[PDB]
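**Student:** no sequence for this one, just the structure:
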Ligand SMILES: [Mg+2]
Ligand SMILES: [Zn+2]
């Protein structure tokens, strides 16, 4: 989803203060819920590089 | 108290210029060094724009919250911190008018 | 439409055009203020010029300056560009330049603002972690959730009060 | 146009 | 250990002195080492002569003649180290001899006037401007000439261009649009390209016939005959064409300007310009530029040839007259000297400007010294260039290599007058001519790409900044050891071949062998091969040459590799690569890392701080060793002695090792045994798994040092004292604050401990009514001073190692105004590698540590030795740098064979040679195994089964034989470590070099809860100790907008950044476990409305029914 | 001429100061330390005086100025703010006033409010502090109430952690 | 896209996707058939010529040297059909085969680029966008505000609806479907707030002010500033 | 992921509605006293330093844990706006 590799990439982090902001955040913004992309009905939680390599062999 | 549901830009009536304003800035007196205080009536005067200190007044006749909405007898200071000093408006009264370049130099001269 | 003409010039608040003490004892003020003086000085010299007696050429001459000045604060550069004295041939930010400008108001009103409960570090793969969660450095968490912690310190015996709980972690 | 010239011309 | 090196291409000549670019330029620049008698008069002496003869004649009384004699600069005010301890700019003093003449009897000579303190160069090539060593990076641009480029929009015909730099100085162009006009433009407007020739003396008849008989375009020249029939009158006529309303009479004034002195450049009267001439167009030069003032009648051997070639270029093949701008023979490289000499002469003009005013101010004759000279201009001028130039920068000594490359890189941007920000892609691309002159890899990533790049190996700036790449001569089928440093341009006239060509000595060996004419690959015959490439090395830069098998790595990723080295941090356990290219030695040597022995002798004393050697000449000198010094970027620089007591030294042998050298060889990171397979996810996209074992030994460990500084300022409220006194709460925190005020050396400082104490006053001008009560309640008599004490910023500190305090009676130091006194605190800290760090090999595999595994369970080989790091395979296919995979293989060999090797650039080791060493290795590995008493595992056999089923081992051969095969392939059997079972399938392993990368300031994971706020904009701001908030950009807004994150977005716009009343109630609410409040209006909004009201416009918010509502809570209603 | 008005005398003063620095630049080759200027100027000139005048001589700086790499940097965002209670302070006033308010009530609204109001309400007068009752009852209840208040606040430690 | 040189006919990659969202006259356009009829071609040396005709009328089409013709002497050509080879200007196709055609062309012509580059994004999105490129039209038969004015399509469906259904007097508000670039579509919109953001903060306001504009907050940009 | 998020999604007419419900339920859970719940007895909310989640860890983790059950009622206009806060203070103690 985020185009991030570990060659030194750095991510920021924010905090939901209201009980509402939290509500939305963990309801409709939490990762484990948005699995299929808005661009295509194709998943985005696809087994990336290493996982396939394993499952393939 | 009520939700802001519509914003509106409209022209400024000179009488509305004055309505928003407090006092007239009538002299190019910023602040005079000896005392880093506002010079005379000038750009920073406390009457024109507001006091520079918390709940307290300029001279200190009234100093806490009990009387939060009243003004001082000999000097004018109604208070809640200097945010007032940053939101208040003052106006300059022009001798012989001049015109807004915003309306005179846009491609279609709105006045032309 | 009679309002397009100007005879009453609104002046922007003071704290928004600060006068401040810097390093060594340097000072710093919003360019707007030099422009304001421009106008006020001219406007006053005008009044006194009318009162003293009035030779035509000189009164217009001033009225011209005056006009120009009234442009300056509103928008600089549409007609000539005002300069602070020899040091920086820089357009004194005109009220306009404040709104639009290179890096103005509506502009940077959308470039970004800084969040209060934010943080940022290097990232690193978390294999065992589940999609659900994420690994966050406690050391970061502490500052991030400081107030949420403070109070929770008071709910437990770790600290008597907030200010305490604060110094406890300073 | 440019302000110096005009006044100069004006009183001169 | 033994060294075996594979490739054989006779390296004919050693690499040049790696800093000559910087060293020699400043040498010719300021020719001060040699008397004014010596001939090299470019630079300073030149710039001097250029503006010294100040002729001021008439307007009142004049006849002024101030003349230059000799330039002499000699005794440095202070020395290098002192210049760094104290804030100082190491500069030499200069005062040249001056004598002013008079029209009345008398010539007063006021010998010296020291104006301008000009910086000097360190023996390495770097400077010392203010505290930090700085460097002047070279540049590029259109070398002052004349070219003809195709016309803009009309497909038709091209136009001519005459390029004269300085800026002040015309810019000509010749264009013909035949319905009735011709166009020659100096400043802007156009006119006929003949009225001028006529002025000079070229008449329609002699001109048209000799010049364009072969060129019919002559007809446009003799066209307006009415004016062509009056000579000297044409002079006045053109004057008239210019436009001010000028006096028709001015005998030979403006003609002079485009004549001899100023505008046309005063560069070399032989090559600086006349080179671009005789070869490109025309032939001679009768004075520097088109110049003469002897008879009033001017001579122009340049104005006719330009049109001569336009008539020639337009009409056929005199030659093929099309100039590719990007040819390096068109682009010059400004060496340091030029860059300084220019600012030096800019100053000379500023100086000469004010002096002219004083030829009139001084009463009578005594006006030589002070009347004519004021040092204010030259100082400011030159000073500005070394401290404020966009080109001079902090030395990048993250490690010597870095400090060197940074010394020798070449930039685009700068003066602005050579190449600003707009024009790009044609310049940014790697032009053909860039060969051996510029690296094609070196330039940095990001917008600023290709514009900034360090030169190549054998690249050298000849006479005028033109990178000549060397190429050896080959007469017939014979190749020579003779070399010609050729200009970009001439390179095209010949048929050049590559070094890879099978050579018998002087004999080429294959009939159809590759060569490349002019930017075009061409298979030529041995008989056509005019010239040959010098070396593989010259093709790239130093920084790049250090890569093992560059040959097998995608030029793209090889860039990363080259820039990675520039980010190498010195480890307290340097190690040369198990496999090197061949320049590690030369790098450390040419860089000034290690300390070499001048002449042969024996050693006397070997201190940890000095090695006083005794030369056989009967002399002995003490060689100090920068114990522990602070690099600009905070990396340690120590010289560790490698010579024992009483040792006969060969001339030029390492006495001590530099910051990162093992044994005279460059060493960063440390060759580590590595397995190259997938681990759980610990190495997933670009993650690296590390063996705890690496930390057991102080392997990747590095010493840092940050320099915290605090000042005792003078407030009108009262001086800020620096004392052990910390007004409000504990002695516990005052311990390490041992010295009254300063902290004790060698004290371990953690985040939040006082490093230094200071006391300033409480309010702005008045005391506090509320604080008045409290103080009185428990202790009225209280020091009303405020704790403003330098503390340990979050992040980290180590142990204090040095401190500096400068009080009232200053020795010879510069204390800024208001600054009562300063207090420096140098802290040091050991950085043992950990999960947050990033390491990367020379190839480009960059990545971060994701997990430090217990030696207990990571991949272990059959004999108990386990792997240090486990690299993910997947990172290799996509990227294309098999060279690392090649390194690991040779590495494995060196591990068992206990030897290091040197694989050159493209001539190095070959796949068969490595398979050969692997063979030898199988015997050390498995031979001892045989004798030690045991054979093969069930495991070892099992993996073999799966290996033949794979196709890595010839079915039917004995395990012993099979494993040899399998090893030769570079892979061995590895057991899990966690289970002890084998890892189905052989896995390669080996000695790969890997460095650790420097941790930037940003790295220091920030994190802010609440903190300061800007004064005018009310958004969160950091600085010293409060971290400062993160930016929530539009792209991020949308992210939320897209989600149904309404509140979360409001928050980010209100409570978290601008809601003044919001953030406050926010905090408090949270504090009282109160669910946060509902957002008030943002100051962004308010600031706007008012900014908006500042202009006539009135913005009023409205209600349900169009009615008011109020944003500004209660402060806008009046009174 | 100046943004911060300067009297004619200070003006000429500054001119004389400048002029003098000029004649001093003439020979030293050393931009005079504020020692020369004092001397050359005249009767009552000292280092503190000149350092002060030249500080007032420097006109201000544009709060809005291009900074660092002029790409898009505006100077006025970097200055922090002082009157405004950074959250930390708002929380302070909350607990402080709530706890100060609890103690003020469980007592005598006599010498406690006197010193609470005299010190926390108007301005910083033992005698002029109490209404009709003289000094002896002031010191009496001030010091006895102030200490019972402090010593029980020592028991239930709420105040100890210096809110400042 | 492309460069002026001999005959560079199309535009690939992003450059195109710009040429599409922003209605633009391609480098190598393709004259469309304003008329749906039959084809006819001619021989003379300099310029070619294709003529489309029905039993009603015929139309002359100037096809210079570079134009490679897709059509042949003989068959039918629907309105807005490619008569030249290559790119099509959306305004013209709008005029010729209607909006439906333009919209349908835009979408599919846009996907042409991404599809060719591996990306598989749902049409939906491009549609949402294009729609907005036609949120406005042109006027030719007034009622409330004078004729030449470009205004929001649905806002006229507002006027026309109530002017013929609730309040009598059928004053038909005759308009002309207008297609405008994505940039312009937004550059000029209902709420000035939004327009102040990007266009000419200086002008956007001036107008919005004079007219006393009530920005009904809908849309996230404008309501975010608040 | 989270417990029966599908089940939850299905119980609402709009995704964004489910968010408002949970958030407002979590609100009330804390304000009126945290014992304002419908399912505490046998199998309820739980954390492990002890089994103490029974008192006050995560508000909405509860809200959702109740909503998943069929005891709560969310409407567009179920009970008049101000009389709700009054009847709730009257019946739920803990302050
Ligand atoms: Mg990355
Ligand atoms: Zn008062």
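**Tutor:** Alright, I've got the coordinates. Numbering: from 1, shown residues only, chains lettered A, B, ... in the order given. Ligands and ions are numbered 1, 2, ... in the order given.
**Student:** and the residue of the stretch 451-600 of chain E found nearest chain F, how far from residue E:390?
**Tutor:** Here the residue of the stretch 451-600 of chain E nearest chain F is residue E:452; by CB to the nearest CB that distance is 15.0 Å. From N, CA and C alone the C-beta is placed, and that goes for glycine too. Between residue E:452 and residue E:390 the computed distance is 12 Å (CB to CB, to the nearest Å).
**Student:** shared neighbours of these two, anything?
**Tutor:** residue E:413 (CB atoms under 8 Å, 6 or more residues apart in numbering or on different chains).
**Student:** residue G:133: neighbour count?
**Tutor:** 24 (other CB atoms under 10 Å in any protein chain shown).
**Student:** please read the previous query as pertaining to residue E:1097.
**Tutor:** For residue E:1097, the neighbour count with other CB under 10 Å is 21.
**Student:** which single residue of chain F ends up nearest chain G?
**Tutor:** Proximity of chain F to chain G (CB to the nearest CB) peaks at residue F:72, 16.8 Å away.
**Student:** tell me which helix or strand that residue sits in.
**Tutor:** For residue F:72, there is no enclosing helix or strand under DSSP states H and E.
**Student:** which residues sit in contact with it?
**Tutor:** So residue F:72 contacts C:102, C:103 (CB under 8 Å, 6+ apart).
**Student:** how close does it get to residue E:46?
**Tutor:** Residue F:72 is 40 Å from residue E:46, by CB to CB.
**Student:** the longest helix along chain H near chain G at all?
**Tutor:** In terms of residue count, the longest helix belonging to chain H (DSSP state H) is helix H:15-31. No - figure legend: helix H:15-31 not in contact with chain G (CB under 8 Å from any CB of the partner chain); closest approach 14.6 Å.
**Student:** does chain C sit close to that helix?
**Tutor:** No - using CB under 8 Å from any CB, helix H:15-31 stays clear of chain C, with a minimum separation of 13.1 Å.
**Student:** mind listing what's buried in that helix?
**Tutor:** H:18-31 (16 or more other CB atoms under 10 Å in any protein chain shown).
**Student:** residues in contact with that helix?
**Tutor:** By CB under 8 Å, 6+ apart, helix H:15-31 touches A:19-20, A:22-24, A:27-28, E:1044, E:1075, H:8-9, H:11-12, H:36-37, H:56, H:59-60, H:62-64, H:66-67, H:72, H:74, H:88.
**Student:** mind checking which of those residues are in helices?
**Tutor:** Those of those lying in helices (DSSP H): A:19-20, A:22-24, A:27-28, H:8-9, H:11, H:59-60, H:62-64, H:66-67, H:88.
**Student:** out of the residues you listed, which are buried?
**Tutor:** For the ones in helices among the contacts of helix H:15-31, buried by 16+ other CB under 10 Å: A:19-20, A:22-24, A:27-28, H:8, H:11, H:59-60, H:62-64, H:66-67.
**Student:** quick check: the residue located most distally from the centre of chain C vs ligand 2, distance?
**Tutor:** Here chain C reaches farthest from its C-alpha mean at residue C:128, the gap being 47.0 Å by CA atoms, centre = their mean. Distance check for residue C:128 against ligand 2: by CB to the ion, to the nearest Å, it reads 67 Å.
**Student:** next: residue E:544.
**Tutor:** 74 Å.
**Student:** could you do residue E:968 as well?
**Tutor:** Applying CB to the ion, the value for residue E:968 to ligand 2 is 95 Å.
**Student:** likewise residue E:998?
**Tutor:** Taken as CB to the ion, the span from residue E:998 to ligand 2 is 59 Å.
**Student:** give me the neighbour count for that residue.
**Tutor:** 21.
**Student:** name the nearest residue to it, sequence neighbours excluded.
**Tutor:** residue E:569 (4.7 Å; CB to CB, 6 or more residues apart in numbering or on different chains).
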